[PDB]
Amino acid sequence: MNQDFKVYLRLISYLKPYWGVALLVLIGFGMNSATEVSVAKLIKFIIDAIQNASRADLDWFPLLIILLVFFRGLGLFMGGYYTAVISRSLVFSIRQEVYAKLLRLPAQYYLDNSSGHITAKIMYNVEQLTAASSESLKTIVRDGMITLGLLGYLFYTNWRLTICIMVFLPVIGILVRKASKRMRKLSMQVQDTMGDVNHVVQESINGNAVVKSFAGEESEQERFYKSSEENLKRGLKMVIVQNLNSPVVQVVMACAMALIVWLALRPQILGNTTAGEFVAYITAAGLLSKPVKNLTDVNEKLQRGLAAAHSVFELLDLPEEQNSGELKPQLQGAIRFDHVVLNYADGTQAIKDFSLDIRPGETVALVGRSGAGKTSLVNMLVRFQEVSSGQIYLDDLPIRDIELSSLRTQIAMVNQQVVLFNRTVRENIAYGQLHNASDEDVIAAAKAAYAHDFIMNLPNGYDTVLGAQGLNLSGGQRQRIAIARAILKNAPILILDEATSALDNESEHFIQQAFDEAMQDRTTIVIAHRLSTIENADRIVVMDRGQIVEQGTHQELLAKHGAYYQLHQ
């Protein structure tokens, strides 16, 4: 339960480059505090000048008005503006850090956690951090200082009476604590339910074709309501708790007021400046009412931001993709699987004691049933999945010794399920590490794949902004953009995971003919089911439930009368 202090301290580490502007908020809120205590002083002055008859003093009051207010504004702005600067800026730094963390999270994270839930963390939670911090830091400092000024003033004015207020403080302290802990639990619940609403909406957007074909609209609406309504009945409860706590505190303050007043309304009243001194105390006691109601109202906002900071720090403390390395060039591309075993988070054993040695500039074809672990094997080469027992040596170097970005930039991949961005055709080909390729480099790539001619037929050529998943292009078309992207990469190691599955006989013929000219001392791993493209591979690896069955050339395996010979049914 003490974990709040740990989160508070962590947050403070971020406001180290803001110490300069931090005192600029204290100066500003210190003078606004000075302006509120000066109100009580002015009411005593205006009475004393009317009582002890001093019109000469009263002539100054109009000049004092346009001065107290001017000096308030100048301090109120200095305090308010810099608070926002510190807050909004500090949160911008967190938004960056949280995003950077995300890009460092492994492939399993992305698989286990939906877009909606992930989004709510960087969006809703970091946005809640902004609002809560920019309003709580403002109120807590501005109205906190005001309270401290007026408490000080009441002590200088009459410490005998002000000291009776301190006995009523453990009541308020217990009342604010009970409400605070209740609203924190609710803050946790209001943010989770919000990530749930985000999840429901994001999924509906992704699966719009299934939602439409299978008429799932009523069912999506139902689950949207379910999560939407929980989120509503939770924020309502939080508001009831808030809107009920602040006045109960005001009433337990009024009881301290009346008791202090009944003692101040004891026989000997002719001591203080009749009205002047008496009214000044009552005015400074009332000038305290509003800044305190503000301090109790900010508690909802404060519990909300604490729940969000806890979520942000949790995200930033998640285990991420392990990266410690060296910048090797992969040269030609020798690959060695030494007693490799691949276990998925869920305990599935996709690869079992797989051992294979690929020589540089060799075309090795992975063939087998679905569930053989072909994609699983190839995914290990780019560290999408970490080796759990065994080793992968790329040029006799343990794969994990190579710096992650140095490995990836050297291994070209044509994934089984083609992934495209909502960017131009050119931006999709010259993506990431290829974002410095010239227009001529892009056209060269699209020509190497059978992509150039269809690109030229699109409404805007290479500048046709592709839709959501490039779903404004046909099946085989999206597939050739992915090939163009990998060809442009021109990497020592190439990976073709069902790269032709959506291509017509004339596209498949040109691309395979253009992949004969792409054995430029380039090691390539082909996962194909069309026994025609497999046929010309240097080595054929028959896989079954993460193990090798057979190995060898198209002739060798057909002569063996086994699995490969039987696959020629």
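Counting begins at 1, following the sequence as shown.
**Q** If you average the CA temperature factors as listed in the entry, which stretch comes out higher, 327-335 or 422-430?
**A** The deposited B-factors put 327-335 ahead on the C-alpha mean.
**Q** Per the record, averaged over C-alpha atoms, which has the higher B-factor: 500-508 or 29-37?
**A** Higher mean C-alpha B-factor: 29-37.
**Q** Among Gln108, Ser438, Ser246, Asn379, single out the one with the highest C-alpha B factor in the record, please.
**A** Among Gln108, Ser438, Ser246, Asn379, the PDB entry lists the largest C-alpha B-factor for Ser246.
**Q** Looking at the C-alpha B-factor values in the deposited entry, which of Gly476, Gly286, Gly470, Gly75 comes out highest?
**A** Reading the PDB entry, the winner on C-alpha B-factor is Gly286.
**Q** Name the third of the chain's ranked CA B-factors that contains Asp544, choosing lowest, middle or highest.
**A** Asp544: CA B-factor falls in the lowest third of its chain.
**Q** Would the CA B-factor of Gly216 place it in the lowest, middle or highest third of its chain?
**A** Middle third, going by the recorded CA B-factors of the chain.
**Q** Lowest, middle or highest third: where is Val465 by Cα B-factor in its chain?
**A** Answer is lowest: the recorded C-alpha B-factor places it there.
**Q** For the chain shown, is the CA B-factor of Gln410 in the lowest, middle or highest third of its modelled residues?
**A** According to the entry, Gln410 has a C-alpha B-factor in the chain's lowest third.
**Q** Lowest, middle or highest third of the chain for the C-alpha temperature factor of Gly173?
**A** Ranked within chain, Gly173 CA B lands in the middle tercile.
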